[PDB]
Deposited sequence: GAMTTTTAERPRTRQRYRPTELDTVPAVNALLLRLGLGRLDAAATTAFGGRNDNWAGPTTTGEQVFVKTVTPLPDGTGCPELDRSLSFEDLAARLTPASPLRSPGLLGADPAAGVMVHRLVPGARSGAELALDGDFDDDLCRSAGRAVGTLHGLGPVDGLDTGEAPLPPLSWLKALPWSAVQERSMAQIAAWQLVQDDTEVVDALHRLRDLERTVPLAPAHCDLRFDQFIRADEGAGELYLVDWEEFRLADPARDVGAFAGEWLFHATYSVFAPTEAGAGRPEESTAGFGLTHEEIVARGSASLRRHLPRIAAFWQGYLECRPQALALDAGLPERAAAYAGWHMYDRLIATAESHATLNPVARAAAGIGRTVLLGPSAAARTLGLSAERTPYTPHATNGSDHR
């Protein structure tokens, strides 16, 4: 498909061709033996324009920044190809969290990276709003998107569409973005956008800046809390009463709260003025974590025909967080 355009950039960059030891993605050695991560986005191409707006600012960053990103080797934006240096022995944060290696310490380094990111010239950046949550989809899915989703996903969408309180809360959260101090924000954070080198022992890298914008810093804070929420109330569990699933889920969250607290301490170490500028940052972040729950449940529903009771319950925790961000902010330790 897109191999021509990828082999053409690698050739023009001196990286040879992709060896057989490796939209679509590619990682591994080049004929020249350089380890590269090839990303392709179908195209101009705005995700790559956002990626590049990050790589410009990341260049003006010390190797002592809590925020590290893989070096950009090149790009052909009109073909939707980017190439970066592969992180040696890359272990994603999703792998780490599944193995219990995403510890409090690593969560603090994530907050420092994210806190650092939000303090970094904002002139080259997209100020378009990120379609997350997708507000038009809360009214009506595009027919073509219905035909690319599972029955469980479709059911998960209808439940949110028919929940006026949630739909209203999401419209307000997105409305509030233009009334707050904006920051350079990743806007699509998940544990898998965090990479450690050296097979889990190395430094932390933040990647995937195709949604990088000048945006509400709550998006990233909420996203990180939301991942712990979803991990604690869903991932670790995937014939019981619903009250049991909520109880087991509430206790998993409580045991995972220090992960969120650590991130937020990290965050504030590197961005000590966040609340002096935004008192409602904790609350908006809580609301984003609440949406993030739905987002992650809907995505995982991809390979399901029904919504199991754990997903139904987990959803119910997000409605609580989104409809009660203030209290959720205190429960979550973002106060």
| item | value |
| --- | --- |
| Missing stretches, numbered from 1 on the deposited chain sequence and kept in order | 1-22, 45-51, 73-77, 155, 274-289, 387-403 |
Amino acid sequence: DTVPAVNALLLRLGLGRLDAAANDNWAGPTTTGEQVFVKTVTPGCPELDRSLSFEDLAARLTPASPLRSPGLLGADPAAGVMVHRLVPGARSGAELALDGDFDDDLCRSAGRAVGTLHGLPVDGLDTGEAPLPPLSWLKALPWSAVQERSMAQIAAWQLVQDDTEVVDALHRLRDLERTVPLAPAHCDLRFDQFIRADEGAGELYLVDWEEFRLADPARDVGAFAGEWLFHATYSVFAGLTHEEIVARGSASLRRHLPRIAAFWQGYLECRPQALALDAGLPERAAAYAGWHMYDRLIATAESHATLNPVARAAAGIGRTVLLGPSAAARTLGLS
From here on, numbers count along this sequence of modelled residues.
{"property": "Given 243-251 and 216-224, the range whose Cα B-factors average higher in the PDB entry", "result": "243-251"}
{"property": "Mean Cα B-factor comparison, 51-59 or 288-296, giving the higher one as deposited", "result": "51-59"}
{"property": "Selection by C-alpha B-factor (highest) of 177, 210, 168, 95", "result": "95"}
{"property": "Top Cα B factor in the deposited entry, candidates 184, 133, 71, 77", "result": "77"}
{"property": "Entry-reported Cα temperature factor of residue 111, expressed as the chain third it lands in", "result": "lowest"}
{"property": "Third of chain Cα B-factors occupied by residue 154", "result": "lowest"}
{"property": "For residue 307, the third of its chain into which the C-alpha B factor falls", "result": "middle"}
{"property": "Within-chain third of residue 334 by Cα B-factor, per the entry", "result": "highest"}
{"property": "Third of the chain's Cα B-factor distribution that residue 189 belongs to, per the entry", "result": "lowest"}
